[PDB]
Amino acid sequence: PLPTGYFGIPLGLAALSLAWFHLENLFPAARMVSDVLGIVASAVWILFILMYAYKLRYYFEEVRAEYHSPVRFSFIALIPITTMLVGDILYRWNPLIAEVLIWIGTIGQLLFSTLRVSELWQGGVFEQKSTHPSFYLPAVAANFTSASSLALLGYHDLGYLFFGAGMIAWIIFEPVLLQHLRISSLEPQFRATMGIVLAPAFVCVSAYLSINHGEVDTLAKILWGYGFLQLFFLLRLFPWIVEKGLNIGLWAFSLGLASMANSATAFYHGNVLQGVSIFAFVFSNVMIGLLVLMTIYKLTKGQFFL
């Protein structure tokens, strides 16, 4: 079927729904915006889940190949990540169904990493050229997503465990990723995944603020600072990133963008850097809006599905 990376679309939309949700008491109309984005993300997730179920049943060898690949395996983590985010959305309407989805996605991502990420340490399969930003998905983003989802359900201390796993995994991987990028020019076909480099600090602070009841403290400010540094670097790099043209892979940026938006709501609520917060929230919405527009355009030309 469907390329596994397309789960980035409901991921980005779902995460953006949750960001707007957190503005509802400052600005009541934010709830309708959140509900609309959340319904659209959920519908797209349902479709993509059904399509992936079909892939498993009738194209299993494609799934097997992607699973055993030391690079492509990572995109599978998008499935449980999006499952948890849809759970977080649904919590506003039905906490029971939300909790089921959150546990399925949590157990699923932990099983996934435990099976596949650890296996890499056997050596001889992963190569230096396998050192791609997509590795953040199973290693980092999945753990932060479990952290914030478990906090939503009231399991704050368990959430902190998943939080720590993601934060330390991030700091442990990024050094070798950035060195690899410096030495080796990432080929155009993979370059859109540079957008995932935006994610770690913003997804980290978003998850942190979810678990710590929105307390904007020293750690949060530290994370925002490195997050904005990476944003500036990626903005400068953008023309290089899209050297060979705009493409649907640019949804890679939506994880970081939506988390910039979510964290910005908490900085704003805490009266920390409110002007920066407004900029971050507007910027991220405009960019995801542009992703949506370019996606509708592609669907319009029959250039969406493979």
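Numbering starts at 1 and runs along the sequence shown.
- When 98-106 is weighed against 225-233, 98-106 comes out higher, by mean CA B-factor as recorded in the entry.
- The question of which stretch, 153-161 or 140-148, has the higher mean Cα B factor is settled in favour of 153-161.
- Highest CA B-factor among 242, 258, 266, 280, as stated in the entry: 242.
- Ranking 252, 273, 29, 65 by Cα temperature factor from the entry places 29 first.
- Residue 187: CA B factor in the highest third of modelled residues in this chain (values from the PDB entry).
- When the modelled residues of the chain are ordered by C-alpha B-factor, residue 195 sits in the lowest third.
- Residue-level temperature factors show residue 212 in the highest third of its chain, judged at the C-alpha atom.
- Ranked by Cα temperature factor within the chain, residue 115 sits in the middle third according to the deposited record.
- Per the deposited record, the Cα B-factor of residue 201 falls in the lowest third when ranked against the other modelled residues of its chain.
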